[PDB]
Every structure is written in structure tokens, then in C-alpha cells.
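The structure file run17.cif is reproduced below (mmCIF, C-alpha atoms and all ligand atoms).
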data_work
loop_
_atom_site.group_PDB
_atom_site.id
_atom_site.type_symbol
_atom_site.label_atom_id
_atom_site.label_comp_id
_atom_site.auth_asym_id
_atom_site.auth_seq_id
_atom_site.Cartn_x
_atom_site.Cartn_y
_atom_site.Cartn_z
ATOM 1 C CA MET A 1 32.749 -5.672 -6.840
ATOM 2 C CA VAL A 2 29.596 -5.156 -8.862
ATOM 3 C CA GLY A 3 30.157 -3.723 -12.310
ATOM 4 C CA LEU A 4 27.730 -2.657 -15.026
ATOM 5 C CA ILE A 5 28.513 -3.120 -18.713
ATOM 6 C CA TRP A 6 26.427 -1.702 -21.575
ATOM 7 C CA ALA A 7 26.501 -0.083 -25.005
ATOM 8 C CA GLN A 8 24.385 3.013 -25.639
ATOM 9 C CA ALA A 9 23.616 5.406 -28.445
ATOM 10 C CA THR A 10 24.735 8.930 -27.506
ATOM 11 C CA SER A 11 21.044 9.601 -26.774
ATOM 12 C CA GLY A 12 21.034 6.954 -24.020
ATOM 13 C CA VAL A 13 19.027 4.362 -25.970
ATOM 14 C CA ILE A 14 20.151 0.800 -25.251
ATOM 15 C CA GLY A 15 17.149 -1.177 -26.488
ATOM 16 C CA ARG A 16 14.107 -0.928 -28.735
ATOM 17 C CA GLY A 17 11.604 -3.574 -29.818
ATOM 18 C CA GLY A 18 13.182 -6.149 -27.512
ATOM 19 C CA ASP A 19 16.592 -5.918 -29.170
ATOM 20 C CA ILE A 20 19.634 -3.684 -29.547
ATOM 21 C CA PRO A 21 19.043 -1.206 -32.409
ATOM 22 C CA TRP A 22 22.463 -1.436 -34.079
ATOM 23 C CA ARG A 23 25.251 -3.789 -35.084
ATOM 24 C CA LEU A 24 28.678 -3.400 -33.489
ATOM 25 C CA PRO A 25 30.573 -6.732 -33.471
ATOM 26 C CA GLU A 26 33.768 -5.272 -32.022
ATOM 27 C CA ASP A 27 31.856 -4.113 -28.982
ATOM 28 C CA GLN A 28 30.358 -7.573 -28.466
ATOM 29 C CA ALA A 29 33.882 -9.009 -28.414
ATOM 30 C CA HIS A 30 34.766 -6.389 -25.781
ATOM 31 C CA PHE A 31 31.713 -7.502 -23.800
ATOM 32 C CA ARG A 32 32.905 -11.114 -23.890
ATOM 33 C CA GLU A 33 36.415 -10.115 -22.790
ATOM 34 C CA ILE A 34 35.167 -8.200 -19.764
ATOM 35 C CA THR A 35 32.595 -10.752 -18.621
ATOM 36 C CA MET A 36 34.318 -14.083 -19.352
ATOM 37 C CA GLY A 37 34.790 -16.335 -16.333
ATOM 38 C CA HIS A 38 32.502 -14.244 -14.115
ATOM 39 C CA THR A 39 28.978 -14.263 -12.804
ATOM 40 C CA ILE A 40 26.672 -12.178 -14.982
ATOM 41 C CA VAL A 41 23.309 -10.849 -13.840
ATOM 42 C CA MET A 42 20.479 -9.837 -16.168
ATOM 43 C CA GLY A 43 16.758 -9.137 -16.249
ATOM 44 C CA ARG A 44 14.441 -11.755 -17.709
ATOM 45 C CA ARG A 45 13.852 -9.693 -20.854
ATOM 46 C CA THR A 46 17.576 -9.470 -21.532
ATOM 47 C CA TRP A 47 17.883 -13.243 -21.086
ATOM 48 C CA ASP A 48 15.078 -13.644 -23.632
ATOM 49 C CA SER A 49 16.939 -11.324 -26.021
ATOM 50 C CA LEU A 50 20.081 -13.484 -26.142
ATOM 51 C CA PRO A 51 20.475 -15.531 -29.333
ATOM 52 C CA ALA A 52 19.687 -19.200 -28.629
ATOM 53 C CA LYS A 53 23.255 -20.089 -29.654
ATOM 54 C CA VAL A 54 24.608 -18.149 -26.667
ATOM 55 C CA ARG A 55 21.788 -18.594 -24.162
ATOM 56 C CA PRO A 56 23.242 -19.121 -21.642
ATOM 57 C CA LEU A 57 26.367 -17.088 -22.412
ATOM 58 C CA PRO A 58 29.205 -19.621 -22.277
ATOM 59 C CA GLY A 59 31.970 -19.556 -19.687
ATOM 60 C CA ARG A 60 29.895 -17.364 -17.371
ATOM 61 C CA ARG A 61 27.478 -18.155 -14.531
ATOM 62 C CA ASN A 62 24.192 -16.772 -15.915
ATOM 63 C CA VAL A 63 21.878 -15.287 -13.284
ATOM 64 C CA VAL A 64 18.428 -14.112 -14.311
ATOM 65 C CA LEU A 65 16.098 -11.904 -12.293
ATOM 66 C CA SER A 66 12.376 -12.619 -12.617
ATOM 67 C CA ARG A 67 9.318 -12.098 -10.427
ATOM 68 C CA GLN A 68 7.850 -15.295 -11.888
ATOM 69 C CA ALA A 69 8.599 -17.822 -9.132
ATOM 70 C CA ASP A 70 8.091 -20.614 -11.665
ATOM 71 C CA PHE A 71 10.271 -19.175 -14.450
ATOM 72 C CA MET A 72 13.041 -21.493 -15.583
ATOM 73 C CA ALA A 73 15.817 -20.672 -18.011
ATOM 74 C CA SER A 74 17.982 -23.550 -19.239
ATOM 75 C CA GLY A 75 21.567 -23.045 -18.091
ATOM 76 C CA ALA A 76 20.664 -20.125 -15.876
ATOM 77 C CA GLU A 77 20.014 -19.448 -12.240
ATOM 78 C CA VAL A 78 16.629 -17.773 -11.882
ATOM 79 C CA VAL A 79 16.357 -15.608 -8.778
ATOM 80 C CA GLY A 80 13.595 -13.360 -7.443
ATOM 81 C CA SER A 81 15.615 -10.518 -5.951
ATOM 82 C CA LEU A 82 18.765 -8.524 -6.668
ATOM 83 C CA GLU A 83 20.064 -9.579 -3.245
ATOM 84 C CA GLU A 84 20.062 -13.232 -4.309
ATOM 85 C CA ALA A 85 21.804 -12.279 -7.543
ATOM 86 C CA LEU A 86 24.744 -10.316 -6.137
ATOM 87 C CA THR A 87 26.408 -12.983 -4.012
ATOM 88 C CA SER A 88 29.561 -13.374 -6.151
ATOM 89 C CA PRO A 89 32.660 -11.239 -5.319
ATOM 90 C CA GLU A 90 33.001 -10.011 -8.930
ATOM 91 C CA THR A 91 29.660 -9.713 -10.706
ATOM 92 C CA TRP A 92 28.857 -8.049 -14.030
ATOM 93 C CA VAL A 93 25.335 -6.734 -14.518
ATOM 94 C CA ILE A 94 24.503 -6.954 -18.212
ATOM 95 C CA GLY A 95 21.108 -5.251 -18.293
ATOM 96 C CA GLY A 96 18.585 -4.343 -19.321
ATOM 97 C CA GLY A 97 17.154 -0.895 -18.532
ATOM 98 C CA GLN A 98 15.269 -2.021 -15.436
ATOM 99 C CA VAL A 99 18.089 -4.087 -14.013
ATOM 100 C CA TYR A 100 20.805 -1.492 -14.669
ATOM 101 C CA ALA A 101 18.705 0.996 -12.688
ATOM 102 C CA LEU A 102 18.158 -1.528 -9.895
ATOM 103 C CA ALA A 103 21.847 -2.397 -9.639
ATOM 104 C CA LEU A 104 23.415 1.028 -10.129
ATOM 105 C CA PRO A 105 23.630 1.871 -6.378
ATOM 106 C CA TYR A 106 25.482 -1.433 -5.841
ATOM 107 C CA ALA A 107 28.026 -0.733 -8.568
ATOM 108 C CA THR A 108 31.568 0.630 -8.354
ATOM 109 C CA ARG A 109 32.556 0.091 -12.012
ATOM 110 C CA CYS A 110 30.884 0.753 -15.341
ATOM 111 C CA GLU A 111 32.266 -0.313 -18.699
ATOM 112 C CA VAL A 112 30.375 1.741 -21.242
ATOM 113 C CA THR A 113 30.461 1.800 -25.023
ATOM 114 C CA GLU A 114 29.158 4.920 -26.716
ATOM 115 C CA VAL A 115 27.796 4.295 -30.201
ATOM 116 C CA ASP A 116 27.783 7.322 -32.501
ATOM 117 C CA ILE A 117 24.413 6.645 -34.078
ATOM 118 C CA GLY A 118 21.579 9.110 -34.563
ATOM 119 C CA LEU A 119 18.898 7.474 -32.461
ATOM 120 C CA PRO A 120 16.658 9.918 -30.601
ATOM 121 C CA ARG A 121 14.843 8.466 -27.596
ATOM 122 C CA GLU A 122 11.344 7.091 -28.238
ATOM 123 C CA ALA A 123 8.647 6.207 -25.700
ATOM 124 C CA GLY A 124 9.082 2.711 -24.281
ATOM 125 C CA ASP A 125 12.768 2.389 -25.209
ATOM 126 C CA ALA A 126 15.198 0.842 -22.758
ATOM 127 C CA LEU A 127 17.616 3.507 -21.524
ATOM 128 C CA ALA A 128 21.075 3.478 -20.001
ATOM 129 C CA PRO A 129 21.457 4.664 -16.444
ATOM 130 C CA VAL A 130 22.857 8.166 -16.117
ATOM 131 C CA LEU A 131 26.194 8.434 -14.332
ATOM 132 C CA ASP A 132 26.384 11.352 -11.910
ATOM 133 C CA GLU A 133 29.372 13.128 -10.388
ATOM 134 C CA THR A 134 30.220 10.283 -8.000
ATOM 135 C CA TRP A 135 31.805 8.546 -10.997
ATOM 136 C CA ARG A 136 35.317 9.093 -12.322
ATOM 137 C CA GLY A 137 35.841 8.197 -15.952
ATOM 138 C CA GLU A 138 38.458 7.650 -18.616
ATOM 139 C CA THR A 139 37.390 8.283 -22.219
ATOM 140 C CA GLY A 140 38.866 6.119 -24.980
ATOM 141 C CA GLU A 141 39.492 7.137 -28.581
ATOM 142 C CA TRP A 142 36.832 6.884 -31.291
ATOM 143 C CA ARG A 143 37.031 3.905 -33.655
ATOM 144 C CA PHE A 144 35.084 2.965 -36.761
ATOM 145 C CA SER A 145 33.312 -0.385 -36.647
ATOM 146 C CA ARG A 146 33.149 -2.601 -39.727
ATOM 147 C CA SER A 147 29.473 -1.617 -39.558
ATOM 148 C CA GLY A 148 30.344 2.009 -40.339
ATOM 149 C CA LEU A 149 29.437 3.312 -36.876
ATOM 150 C CA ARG A 150 32.006 5.145 -34.754
ATOM 151 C CA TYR A 151 32.253 3.981 -31.139
ATOM 152 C CA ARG A 152 34.377 4.574 -28.054
ATOM 153 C CA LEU A 153 34.951 2.934 -24.671
ATOM 154 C CA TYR A 154 34.585 4.536 -21.248
ATOM 155 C CA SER A 155 35.832 2.997 -18.013
ATOM 156 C CA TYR A 156 34.098 4.459 -14.960
ATOM 157 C CA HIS A 157 34.782 3.814 -11.306
ATOM 158 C CA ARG A 158 33.854 5.039 -7.846
ATOM 159 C CA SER A 159 35.198 3.719 -4.543
HETATM 160 N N1 LIG B 201 22.667 -2.141 -25.413
HETATM 161 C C1 LIG B 201 22.924 -2.876 -24.274
HETATM 162 O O1 LIG B 201 24.047 -2.804 -23.750
HETATM 163 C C2 LIG B 201 21.883 -3.717 -23.724
HETATM 164 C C3 LIG B 201 20.630 -3.652 -24.230
HETATM 165 N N2 LIG B 201 19.609 -4.428 -23.713
HETATM 166 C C4 LIG B 201 18.245 -4.225 -24.208
HETATM 167 O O2 LIG B 201 17.457 -3.815 -23.083
HETATM 168 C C5 LIG B 201 16.091 -4.230 -23.305
HETATM 169 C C6 LIG B 201 15.550 -4.990 -22.096
HETATM 170 O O3 LIG B 201 15.631 -4.115 -20.997
HETATM 171 P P1 LIG B 201 14.228 -4.028 -20.038
HETATM 172 O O4 LIG B 201 13.040 -4.034 -20.914
HETATM 173 O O5 LIG B 201 14.553 -2.878 -19.120
HETATM 174 O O6 LIG B 201 14.096 -5.451 -19.264
HETATM 175 P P2 LIG B 201 15.299 -6.175 -18.310
HETATM 176 O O7 LIG B 201 16.222 -6.927 -19.203
HETATM 177 O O8 LIG B 201 15.834 -5.216 -17.334
HETATM 178 O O9 LIG B 201 14.345 -7.313 -17.615
HETATM 179 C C7 LIG B 201 13.273 -6.736 -16.878
HETATM 180 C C8 LIG B 201 12.632 -7.940 -16.168
HETATM 181 O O10 LIG B 201 13.463 -8.296 -15.072
HETATM 182 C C9 LIG B 201 12.617 -8.705 -13.972
HETATM 183 N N3 LIG B 201 12.736 -7.764 -12.894
HETATM 184 C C10 LIG B 201 12.806 -6.366 -12.947
HETATM 185 N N4 LIG B 201 12.909 -5.796 -11.741
HETATM 186 C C11 LIG B 201 12.892 -6.882 -10.860
HETATM 187 C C12 LIG B 201 12.959 -6.962 -9.460
HETATM 188 N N5 LIG B 201 13.069 -5.818 -8.693
HETATM 189 N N6 LIG B 201 12.934 -8.178 -8.837
HETATM 190 C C13 LIG B 201 12.823 -9.278 -9.657
HETATM 191 N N7 LIG B 201 12.746 -9.367 -10.995
HETATM 192 C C14 LIG B 201 12.779 -8.118 -11.573
HETATM 193 C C15 LIG B 201 11.178 -8.835 -14.539
HETATM 194 O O11 LIG B 201 11.180 -10.062 -15.057
HETATM 195 P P3 LIG B 201 9.585 -10.913 -15.143
HETATM 196 O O12 LIG B 201 8.901 -9.976 -16.091
HETATM 197 O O13 LIG B 201 9.961 -12.291 -15.698
HETATM 198 O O14 LIG B 201 9.158 -10.854 -13.716
HETATM 199 C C16 LIG B 201 11.220 -7.682 -15.602
HETATM 200 O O15 LIG B 201 10.236 -7.882 -16.594
HETATM 201 C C17 LIG B 201 16.101 -5.107 -24.592
HETATM 202 O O16 LIG B 201 15.743 -4.271 -25.663
HETATM 203 C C18 LIG B 201 17.572 -5.522 -24.701
HETATM 204 O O17 LIG B 201 17.996 -5.793 -26.015
HETATM 205 C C19 LIG B 201 19.864 -5.326 -22.657
HETATM 206 C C20 LIG B 201 21.085 -5.419 -22.139
HETATM 207 C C21 LIG B 201 22.230 -4.606 -22.617
HETATM 208 N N1 LIG B 202 29.064 -3.259 -24.272
HETATM 209 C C1 LIG B 202 27.997 -4.040 -24.421
HETATM 210 N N2 LIG B 202 27.369 -4.541 -23.347
HETATM 211 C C2 LIG B 202 26.310 -5.342 -23.491
HETATM 212 N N3 LIG B 202 25.712 -5.807 -22.392
HETATM 213 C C3 LIG B 202 24.618 -6.647 -22.531
HETATM 214 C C4 LIG B 202 24.147 -6.985 -23.790
HETATM 215 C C5 LIG B 202 23.029 -7.826 -23.881
HETATM 216 N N4 LIG B 202 22.913 -8.523 -25.176
HETATM 217 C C6 LIG B 202 23.805 -9.383 -25.689
HETATM 218 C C7 LIG B 202 25.003 -9.711 -25.039
HETATM 219 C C8 LIG B 202 25.896 -10.617 -25.623
HETATM 220 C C9 LIG B 202 25.642 -11.210 -26.866
HETATM 221 C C10 LIG B 202 26.529 -12.141 -27.437
HETATM 222 O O1 LIG B 202 26.229 -12.796 -28.436
HETATM 223 N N5 LIG B 202 27.699 -12.314 -26.807
HETATM 224 C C11 LIG B 202 28.676 -13.359 -27.170
HETATM 225 C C12 LIG B 202 29.461 -13.047 -28.456
HETATM 226 C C13 LIG B 202 30.670 -12.148 -28.216
HETATM 227 C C14 LIG B 202 31.303 -11.851 -29.587
HETATM 228 O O2 LIG B 202 30.516 -11.634 -30.530
HETATM 229 O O3 LIG B 202 32.554 -11.862 -29.663
HETATM 230 C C15 LIG B 202 29.583 -13.641 -25.945
HETATM 231 O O4 LIG B 202 29.615 -12.770 -25.044
HETATM 232 O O5 LIG B 202 30.162 -14.744 -25.895
HETATM 233 C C16 LIG B 202 24.431 -10.892 -27.479
HETATM 234 O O6 LIG B 202 24.199 -11.496 -28.679
HETATM 235 C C17 LIG B 202 23.535 -9.992 -26.912
HETATM 236 N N6 LIG B 202 24.755 -6.489 -24.878
HETATM 237 C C18 LIG B 202 25.824 -5.683 -24.749
HETATM 238 C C19 LIG B 202 26.448 -5.164 -25.881
HETATM 239 O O7 LIG B 202 26.051 -5.416 -27.022
HETATM 240 N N7 LIG B 202 27.558 -4.354 -25.712
#

Translate the structure described by the file into C-alpha cells.
Amino acid sequence: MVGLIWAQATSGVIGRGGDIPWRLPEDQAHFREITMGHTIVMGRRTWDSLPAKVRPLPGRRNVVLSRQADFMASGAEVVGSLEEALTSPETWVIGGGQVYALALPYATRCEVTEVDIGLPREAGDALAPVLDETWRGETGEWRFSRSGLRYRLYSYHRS
């Protein structure tokens, strides 16, 4: 089972300027709950974007995709291909835009947070993959974050 997990603005934006363009602590706790105890796979940029305090993310086997054969990330397994990254039975792909797109065909679950923030797409943003009609989804109820932003959770699956 390969799953993808991400949070997006309604527009599809997931990243800008090498970071995530909003604050939503409740969603980050959700991320931890889903991923804890599993292998997680991410692109090198997403690894770079993790706060030092949680790089690597604790309690998870951190796998990082890079085309730099020499790249080393403390506490992570650097691999050069998606094939080498997807060897664990349950794997969560945690981004970013490039790696979500790469892994989408391999995935049978998506755990998606929609963030109700006005954030029109800009050139060079990182974007969420678009889920087509092969996916079946359940839509959760809107909640307000302590940050003031409304958000909701989707669970998608395809067999
Ligand atoms: N809101 C959310 O849920 C999330 C948001 N983000 C945001 O996403 C953005 C980063 O996404 P993005 O810029 O797309 O970069 P990624 O995180 O997807 O990392 C891309 C890097 O992965 C490596 N890579 C890509 N394709 C391959 C391949 N086929 N084989 C081997 N290595 C490969 C390269 O590393 P190298 O260059 O070292 O070769 C490439 O530069 C940031 O802004 C981050 O904050 C990230 C995760 C979740
Ligand atoms: N839905 C959803 N998916 C994501 N998938 C990938 C990334 C990449 N960026 C991340 C991922 C995790 C953290 C992080 O600090 N996580 C900690 C703290 C958890 C907590 O605060 O309770 C942990 O998991 O232990 C981060 O600072 C950036 N983000 C999200 C995201 O924000 N939302």
C-alpha cells in the first residue's frame, strides 16, 4: 500500500518559496497520526524544508529521493529512484510536488487536507496532484483552525 498525504489550498497550491504558505497546526498533528511508525518517502527539497528539530521525522523511516548520488541526509535513507523507495508494504509519500506526481500511479490511498485560504496559483509554485475519477472519496466536515483558517479532511481510495 502506497499512500499520499498532503495539505493544499483550494487552488491546489502546496508550496511556495520552499515552504508551506500557511499555518495549520491541527493538520500537522493529523499528518503525524497518519504517518507514525511507517516508512515515509519525500523529495530532496521536502527533506530540506523540514525544521531541523524534526529532520528526520521521528518514529518514521525517512526515505529521500535525490539524483545526487553523493547526497547524504542525517537520519535518512537517500535513494536515487522511486523503485528503491517503495519497498515497504505500507509507505506514505509526503511530497513535494515532483514526488507526489511521480508516486501517484503507485498510490491507492490519499489523505488530503483542504485549506480554505485565498491563494491563487503563481508560476513556480508546488502543486498538489489532481485526483481523477478512479478515486473514491469521503469528505469530512469543515473546522476552524486556531490560525483562523477553515480546513477539512478527505480520505481517498482506489483498489
Ligand atoms: N503542503 C504540503 O502538504 C506539502 C508541501 N510541500 C512543499 O512542496 C515544495 C517542494 O516540492 P518540489 O519543489 O516539487 O520538490 P520535491 O520535494 O518533490 O523534491 C524534488 C527533488 O526530488 C528529487 N527527485 C525528483 N524526481 C526524482 C526522480 N525521478 N528520481 C530521483 N530523484 C528525484 C530531486 O532531488 P535533487 O535535486 O537532490 O536531485 C528534486 O530536486 C516545498 O515548498 C515544500 O514546502 C512538501 C510536502 C508536502
Ligand atoms: N496534511 C499534511 N501533509 C503534509 N505532508 C508533508 C508535509 C511536509 N512538511 C512538513 C511535514 C511535517 C512537519 C512536522 O513538523 N511534523 C511533525 C510535527 C507534528 C505536529 O505538529 O503535531 C511530526 O510529524 O512529528 C513539518 O514541519 C513540515 N507537510 C504536510 C502538512 O503540513 N500537512

So how many Å separate atom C16 of ligand LIG 202 (chain B) and CA of residue 98 (chain A), to one decimal? 17.5 Å

Residues matched by the PyMOL selection byres (((chain A and resi 69-82) around 12) and not hetatm), written as a PyMOL selection string: chain A and resi 2+39-48+50+52+54-68+83-88+91+93+98-106

Target residues per the PyMOL selection byres (((not hetatm)) within 9 of (chain B and resi 202)), formatted as a ChimeraX atom specification: /A:4-8,14,19-20,22-36,42,46-47,49-55,57-60,93-96,111-114,153

Distance cut-off 9 Å, centre (34.3, 5.3, -32.3) in file coordinates, counting all atoms listed in the file: which residues qualify? Return them as a VMD selection string. chain A and resid 113 to 116 140 to 145 149 to 153

Of the candidates A:110, A:97, A:157, A:122, which shows the shortest atom-to-atom distance to ligand LIG 201 (chain B), using all atoms listed in the file?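 Between A:110, A:97, A:157, A:122, the residue approaching ligand LIG 201 (chain B) most closely is A:97.
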
Distance of CA of residue 11 (chain A) from CA of residue 121 (chain A), expressed in Å to one decimal place: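 CA of residue 11 (chain A) lies at a distance of 6.4 Å from CA of residue 121 (chain A).
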
In Å, rounded to a single decimal, give me how far CA of residue 154 (chain A) is from CA of residue 138 (chain A).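 Calculated distance between CA of residue 138 (chain A) and CA of residue 154 (chain A) is 5.6 Å.
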
With only C-alpha atoms and all ligand atoms as the atoms that count, which of A:119, A:130, A:13, A:1 lies nearest to ligand LIG 201 (chain B)?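 Using only C-alpha atoms and all ligand atoms, the shortest distance to ligand LIG 201 (chain B) belongs to A:13.
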
Give as number ranges by chain every residue, naming chains and numbers as the document does, that has an atom within 7 Å of (10.7, -2.5, -26.6), counting only C-alpha atoms. A: 15-18, 124-126

From the set A:128, A:118, A:37, A:108, which residue has the shortest atom-to-atom contact distance to ligand LIG 201 (chain B), counting all atoms listed in the file? A:128

Identify which of the residues A:127, A:3, A:137, A:117 lies closest to ligand LIG 201 (chain B), counting all atoms listed in the file when measuring atom-to-atom distances. A:127

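With all atoms listed in the file as the basis for measurement, A:92 is the residue among A:9, A:129, A:146, A:92 that approaches residue 109 (chain A) most closely.
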